[PDB]
Amino acid sequence: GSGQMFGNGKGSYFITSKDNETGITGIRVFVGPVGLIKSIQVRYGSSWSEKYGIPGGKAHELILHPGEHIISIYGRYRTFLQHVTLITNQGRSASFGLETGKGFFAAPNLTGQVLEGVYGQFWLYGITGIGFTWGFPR
């Protein structure tokens with residue numbers, strides 16, 4: 001779900017996670033003409049989630065094969081989330097957005113765990129902060 005906080009800050013906030021049913025089967029990233037990530041959407045089973053971020057841009061998708069999972073995430077950011085490349089347990093990678101800014105690497109604490117959720121902050125043109133929740137599949 002999406003929501004806001006009290007305080008002098010700016011962003012709105014979201015959290016999405018494995019409902020109870022099937023884990024992540026796909027990922028939708030919306031990128032604008034300037035190359036920043038505006039919003040994301042995650043598919044659980046066959047059901048795509050709520051849109052999380054700022055409306056606009058063009059949809060880009062990584063559709064996961066059955067038994068295929070996200071196991072690590074490399075990215076870049078400035079004020080806004082610029083770039084994300086998702087890497088799978090099957091050796092595939094999918095790059096979204098423009099490669100600019102500080103680099104980061106996201107991976108679970110426990111080997112074997114996979115991506116089953118995402119949380120973050122969004123504000124003006126897109127996502128300004130992003131985090132990842134991990135867990136064991138099957």
# chains A, B, ... in the order shown; residues from 1 in each chain; ligands from 1
call {"tool": "residues_around", "arguments": {"residues": "residue A:109", "least_positions_apart": "6", "cutoff": "12 Å", "atoms": "only C-alpha atoms", "output": "JSON, numbers by chain"}}
result
{"A": [71, 72, 115, 132, 133, 134, 135, 136]}
call {"tool": "write_last_selection", "arguments": {"atoms": "N, CA and C atoms", "output": "short mmCIF file (atom, residue, chain, number, x, y, z; two decimals), in the first residue's frame"}}
result
data_model
loop_
_atom_site.label_atom_id
_atom_site.label_comp_id
_atom_site.auth_asym_id
_atom_site.auth_seq_id
_atom_site.Cartn_x
_atom_site.Cartn_y
_atom_site.Cartn_z
N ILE A 71 17.65 -12.38 -7.55
CA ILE A 71 18.54 -12.68 -6.42
C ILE A 71 19.48 -11.53 -6.02
N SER A 72 19.68 -10.57 -6.92
CA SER A 72 20.45 -9.35 -6.59
C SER A 72 20.06 -8.15 -7.45
N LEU A 115 14.00 -12.13 -4.09
CA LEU A 115 13.18 -10.94 -3.94
C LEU A 115 11.70 -11.33 -3.87
N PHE A 132 14.48 -3.25 -0.44
CA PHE A 132 14.10 -4.58 -0.88
C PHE A 132 13.96 -5.57 0.27
N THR A 133 12.90 -6.37 0.21
CA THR A 133 12.67 -7.44 1.18
C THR A 133 12.89 -8.81 0.52
N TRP A 134 13.58 -9.69 1.23
CA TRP A 134 14.04 -10.96 0.67
C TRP A 134 13.48 -12.13 1.46
N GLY A 135 13.37 -13.29 0.81
CA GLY A 135 12.89 -14.50 1.47
C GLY A 135 13.07 -15.75 0.64
N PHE A 136 13.00 -16.90 1.31
CA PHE A 136 13.15 -18.20 0.66
C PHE A 136 11.91 -18.58 -0.16
#
call {"tool": "residues_around", "arguments": {"residues": "residue A:65", "least_positions_apart": "5", "cutoff": "10 Å", "atoms": "only C-alpha atoms", "output": "list in words"}}
result
residues 25, 26, 88 and 90 of chain A
call {"tool": "write_last_selection", "arguments": {"atoms": "N, CA, C and O atoms", "output": "PDB file, in the first residue's frame"}}
result
ATOM      1  N   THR A  25       6.742 -12.861 -10.135  1.00  0.00           N
ATOM      2  CA  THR A  25       6.804 -13.513 -11.441  1.00  0.00           C
ATOM      3  C   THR A  25       7.159 -12.519 -12.550  1.00  0.00           C
ATOM      4  O   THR A  25       7.399 -12.905 -13.695  1.00  0.00           O
ATOM      5  N   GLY A  26       7.187 -11.238 -12.198  1.00  0.00           N
ATOM      6  CA  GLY A  26       7.485 -10.178 -13.150  1.00  0.00           C
ATOM      7  C   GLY A  26       7.682  -8.833 -12.485  1.00  0.00           C
ATOM      8  O   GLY A  26       7.319  -8.638 -11.322  1.00  0.00           O
ATOM      9  N   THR A  88      19.000 -12.496 -12.195  1.00  0.00           N
ATOM     10  CA  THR A  88      18.246 -13.700 -11.831  1.00  0.00           C
ATOM     11  C   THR A  88      19.150 -14.871 -11.454  1.00  0.00           C
ATOM     12  O   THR A  88      20.333 -14.888 -11.793  1.00  0.00           O
ATOM     13  N   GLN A  90      18.971 -17.560 -12.813  1.00  0.00           N
ATOM     14  CA  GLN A  90      19.174 -18.236 -14.096  1.00  0.00           C
ATOM     15  C   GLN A  90      20.146 -17.488 -15.024  1.00  0.00           C
ATOM     16  O   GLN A  90      20.202 -17.760 -16.222  1.00  0.00           O
TER      17      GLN A  90
END
call {"tool": "closest_residue", "arguments": {"among": "A:45, A:9, A:55, A:23", "to": "residue A:125", "atoms": "only C-alpha atoms"}}
result
A:55
call {"tool": "closest_residue", "arguments": {"among": "A:120, A:57, A:131, A:75", "to": "residue A:102", "atoms": "only C-alpha atoms"}}
result
A:75
call {"tool": "atom_distance", "arguments": {"atom1": "atom CA of residue A:19", "atom2": "atom CA of residue A:69"}}
result
16.4 Å
call {"tool": "select_by_dssp", "arguments": {"residues": "stretch 79-130 of chain A", "states": "strand (DSSP E or B)", "output": "ChimeraX atom specification"}}
result
/A:81-88,93-97,102-106,111,113-122,127-130
call {"tool": "write_last_selection", "arguments": {"atoms": "C-alpha atoms", "output": "PDB file, in the first residue's frame"}}
result
ATOM      1  CA  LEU A  81      16.413   6.569  -8.642  1.00  0.00           C
ATOM      2  CA  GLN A  82      18.133   6.535 -12.049  1.00  0.00           C
ATOM      3  CA  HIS A  83      18.953   2.950 -12.931  1.00  0.00           C
ATOM      4  CA  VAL A  84      18.140  -0.590 -11.831  1.00  0.00           C
ATOM      5  CA  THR A  85      19.533  -3.858 -13.194  1.00  0.00           C
ATOM      6  CA  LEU A  86      17.926  -6.997 -11.783  1.00  0.00           C
ATOM      7  CA  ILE A  87      19.888 -10.246 -11.891  1.00  0.00           C
ATOM      8  CA  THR A  88      18.246 -13.700 -11.831  1.00  0.00           C
ATOM      9  CA  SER A  93      19.815  -9.500 -16.238  1.00  0.00           C
ATOM     10  CA  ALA A  94      17.410  -6.683 -17.116  1.00  0.00           C
ATOM     11  CA  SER A  95      18.498  -3.033 -17.169  1.00  0.00           C
ATOM     12  CA  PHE A  96      16.066  -0.152 -16.621  1.00  0.00           C
ATOM     13  CA  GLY A  97      16.798   3.593 -16.639  1.00  0.00           C
ATOM     14  CA  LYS A 102      26.108   6.900  -6.889  1.00  0.00           C
ATOM     15  CA  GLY A 103      26.145   3.123  -7.285  1.00  0.00           C
ATOM     16  CA  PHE A 104      24.595   0.553  -4.960  1.00  0.00           C
ATOM     17  CA  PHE A 105      24.237  -3.239  -4.704  1.00  0.00           C
ATOM     18  CA  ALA A 106      21.267  -5.017  -3.126  1.00  0.00           C
ATOM     19  CA  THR A 111      22.094 -17.186   0.331  1.00  0.00           C
ATOM     20  CA  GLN A 113      16.682 -16.063  -0.514  1.00  0.00           C
ATOM     21  CA  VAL A 114      15.020 -14.236  -3.402  1.00  0.00           C
ATOM     22  CA  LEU A 115      13.176 -10.944  -3.944  1.00  0.00           C
ATOM     23  CA  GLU A 116       9.593 -11.106  -2.673  1.00  0.00           C
ATOM     24  CA  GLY A 117       8.884  -7.419  -1.993  1.00  0.00           C
ATOM     25  CA  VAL A 118       9.878  -3.769  -2.422  1.00  0.00           C
ATOM     26  CA  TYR A 119       9.444  -0.552  -0.419  1.00  0.00           C
ATOM     27  CA  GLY A 120      10.407   3.064  -0.997  1.00  0.00           C
ATOM     28  CA  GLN A 121       9.917   6.800  -1.186  1.00  0.00           C
ATOM     29  CA  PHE A 122       8.611   8.815  -4.155  1.00  0.00           C
ATOM     30  CA  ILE A 127      11.190   7.269  -6.930  1.00  0.00           C
ATOM     31  CA  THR A 128      13.660   8.955  -4.572  1.00  0.00           C
ATOM     32  CA  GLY A 129      14.429   6.004  -2.284  1.00  0.00           C
ATOM     33  CA  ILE A 130      14.198   2.239  -2.702  1.00  0.00           C
TER      34      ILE A 130
END
call {"tool": "residues_around", "arguments": {"residues": "residue A:32", "least_positions_apart": "3", "cutoff": "7 Å", "atoms": "only C-alpha atoms", "output": "VMD selection string"}}
result
chain A and resid 35 to 38 56 to 58
call {"tool": "atom_distance", "arguments": {"atom1": "atom CA of residue A:14", "atom2": "atom CA of residue A:46"}}
result
20.8 Å
call {"tool": "atom_distance", "arguments": {"atom1": "atom CA of residue A:66", "atom2": "atom CA of residue A:137"}}
result
12.0 Å
call {"tool": "closest_residue", "arguments": {"among": "A:91, A:8, A:1, A:21", "to": "residue A:47", "atoms": "only C-alpha atoms"}}
result
A:21
call {"tool": "closest_residue", "arguments": {"among": "A:89, A:100, A:4, A:39", "to": "residue A:73", "atoms": "only C-alpha atoms"}}
result
A:89
call {"tool": "closest_residue", "arguments": {"among": "A:49, A:2, A:12, A:41", "to": "residue A:27", "atoms": "only C-alpha atoms"}}
result
A:41
call {"tool": "closest_residue", "arguments": {"among": "A:7, A:17, A:126, A:31", "to": "residue A:61", "atoms": "only C-alpha atoms"}}
result
A:31
call {"tool": "decode", "arguments": {"residues": "stretch 68-95 of chain A", "atoms": "N, CA and C atoms", "output": "PDB file, in the first residue's frame"}}
result
ATOM      1  N   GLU A  68      12.158 -18.995 -11.935  1.00  0.00           N
ATOM      2  CA  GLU A  68      13.172 -17.943 -12.015  1.00  0.00           C
ATOM      3  C   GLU A  68      12.866 -16.826 -11.017  1.00  0.00           C
ATOM      4  N   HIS A  69      13.906 -16.365 -10.326  1.00  0.00           N
ATOM      5  CA  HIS A  69      13.770 -15.380  -9.254  1.00  0.00           C
ATOM      6  C   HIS A  69      14.813 -14.271  -9.366  1.00  0.00           C
ATOM      7  N   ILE A  70      14.508 -13.104  -8.797  1.00  0.00           N
ATOM      8  CA  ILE A  70      15.492 -12.030  -8.631  1.00  0.00           C
ATOM      9  C   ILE A  70      16.333 -12.351  -7.396  1.00  0.00           C
ATOM     10  N   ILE A  71      17.653 -12.384  -7.552  1.00  0.00           N
ATOM     11  CA  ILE A  71      18.540 -12.679  -6.415  1.00  0.00           C
ATOM     12  C   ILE A  71      19.481 -11.532  -6.019  1.00  0.00           C
ATOM     13  N   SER A  72      19.685 -10.569  -6.918  1.00  0.00           N
ATOM     14  CA  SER A  72      20.448  -9.354  -6.586  1.00  0.00           C
ATOM     15  C   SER A  72      20.063  -8.154  -7.449  1.00  0.00           C
ATOM     16  N   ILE A  73      20.337  -6.953  -6.945  1.00  0.00           N
ATOM     17  CA  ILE A  73      19.962  -5.722  -7.637  1.00  0.00           C
ATOM     18  C   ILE A  73      21.067  -4.667  -7.576  1.00  0.00           C
ATOM     19  N   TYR A  74      21.609  -4.335  -8.742  1.00  0.00           N
ATOM     20  CA  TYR A  74      22.546  -3.225  -8.875  1.00  0.00           C
ATOM     21  C   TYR A  74      21.789  -1.998  -9.378  1.00  0.00           C
ATOM     22  N   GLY A  75      22.112  -0.835  -8.822  1.00  0.00           N
ATOM     23  CA  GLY A  75      21.466   0.400  -9.238  1.00  0.00           C
ATOM     24  C   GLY A  75      22.309   1.655  -9.129  1.00  0.00           C
ATOM     25  N   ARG A  76      21.725   2.764  -9.570  1.00  0.00           N
ATOM     26  CA  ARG A  76      22.341   4.083  -9.481  1.00  0.00           C
ATOM     27  C   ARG A  76      21.265   5.138  -9.221  1.00  0.00           C
ATOM     28  N   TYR A  77      21.643   6.208  -8.527  1.00  0.00           N
ATOM     29  CA  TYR A  77      20.711   7.274  -8.160  1.00  0.00           C
ATOM     30  C   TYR A  77      21.404   8.628  -8.069  1.00  0.00           C
ATOM     31  N   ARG A  78      20.613   9.686  -8.203  1.00  0.00           N
ATOM     32  CA  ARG A  78      21.049  11.029  -7.843  1.00  0.00           C
ATOM     33  C   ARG A  78      20.054  11.531  -6.794  1.00  0.00           C
ATOM     34  N   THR A  79      19.261  12.547  -7.125  1.00  0.00           N
ATOM     35  CA  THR A  79      18.099  12.906  -6.308  1.00  0.00           C
ATOM     36  C   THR A  79      17.047  11.804  -6.441  1.00  0.00           C
ATOM     37  N   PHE A  80      16.883  11.312  -7.666  1.00  0.00           N
ATOM     38  CA  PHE A  80      15.912  10.269  -7.977  1.00  0.00           C
ATOM     39  C   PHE A  80      16.629   8.979  -8.340  1.00  0.00           C
ATOM     40  N   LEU A  81      15.939   7.856  -8.153  1.00  0.00           N
ATOM     41  CA  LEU A  81      16.413   6.569  -8.642  1.00  0.00           C
ATOM     42  C   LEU A  81      16.566   6.645 -10.158  1.00  0.00           C
ATOM     43  N   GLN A  82      17.790   6.412 -10.629  1.00  0.00           N
ATOM     44  CA  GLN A  82      18.133   6.535 -12.049  1.00  0.00           C
ATOM     45  C   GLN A  82      18.048   5.205 -12.780  1.00  0.00           C
ATOM     46  N   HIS A  83      18.728   4.205 -12.234  1.00  0.00           N
ATOM     47  CA  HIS A  83      18.953   2.950 -12.931  1.00  0.00           C
ATOM     48  C   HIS A  83      18.796   1.762 -11.991  1.00  0.00           C
ATOM     49  N   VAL A  84      18.194   0.697 -12.512  1.00  0.00           N
ATOM     50  CA  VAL A  84      18.140  -0.590 -11.831  1.00  0.00           C
ATOM     51  C   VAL A  84      18.425  -1.710 -12.833  1.00  0.00           C
ATOM     52  N   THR A  85      19.365  -2.587 -12.486  1.00  0.00           N
ATOM     53  CA  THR A  85      19.533  -3.858 -13.194  1.00  0.00           C
ATOM     54  C   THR A  85      19.319  -5.035 -12.246  1.00  0.00           C
ATOM     55  N   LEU A  86      18.314  -5.841 -12.574  1.00  0.00           N
ATOM     56  CA  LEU A  86      17.926  -6.997 -11.783  1.00  0.00           C
ATOM     57  C   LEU A  86      18.606  -8.237 -12.336  1.00  0.00           C
ATOM     58  N   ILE A  87      19.217  -9.026 -11.456  1.00  0.00           N
ATOM     59  CA  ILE A  87      19.888 -10.246 -11.891  1.00  0.00           C
ATOM     60  C   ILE A  87      19.163 -11.486 -11.343  1.00  0.00           C
ATOM     61  N   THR A  88      19.000 -12.496 -12.195  1.00  0.00           N
ATOM     62  CA  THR A  88      18.246 -13.700 -11.831  1.00  0.00           C
ATOM     63  C   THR A  88      19.150 -14.871 -11.454  1.00  0.00           C
ATOM     64  N   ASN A  89      18.568 -15.847 -10.758  1.00  0.00           N
ATOM     65  CA  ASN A  89      19.231 -17.116 -10.437  1.00  0.00           C
ATOM     66  C   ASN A  89      19.493 -17.994 -11.667  1.00  0.00           C
ATOM     67  N   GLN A  90      18.971 -17.560 -12.813  1.00  0.00           N
ATOM     68  CA  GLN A  90      19.174 -18.236 -14.096  1.00  0.00           C
ATOM     69  C   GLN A  90      20.146 -17.488 -15.024  1.00  0.00           C
ATOM     70  N   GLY A  91      20.903 -16.545 -14.464  1.00  0.00           N
ATOM     71  CA  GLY A  91      21.959 -15.838 -15.198  1.00  0.00           C
ATOM     72  C   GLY A  91      21.522 -14.672 -16.071  1.00  0.00           C
ATOM     73  N   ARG A  92      20.230 -14.360 -16.050  1.00  0.00           N
ATOM     74  CA  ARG A  92      19.684 -13.258 -16.840  1.00  0.00           C
ATOM     75  C   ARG A  92      19.754 -11.935 -16.078  1.00  0.00           C
ATOM     76  N   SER A  93      19.872 -10.838 -16.821  1.00  0.00           N
ATOM     77  CA  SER A  93      19.815  -9.500 -16.238  1.00  0.00           C
ATOM     78  C   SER A  93      18.947  -8.579 -17.089  1.00  0.00           C
ATOM     79  N   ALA A  94      18.288  -7.625 -16.434  1.00  0.00           N
ATOM     80  CA  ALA A  94      17.410  -6.683 -17.116  1.00  0.00           C
ATOM     81  C   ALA A  94      17.652  -5.262 -16.618  1.00  0.00           C
ATOM     82  N   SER A  95      18.149  -4.409 -17.511  1.00  0.00           N
ATOM     83  CA  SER A  95      18.498  -3.033 -17.169  1.00  0.00           C
ATOM     84  C   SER A  95      17.375  -2.047 -17.473  1.00  0.00           C
TER      85      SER A  95
END
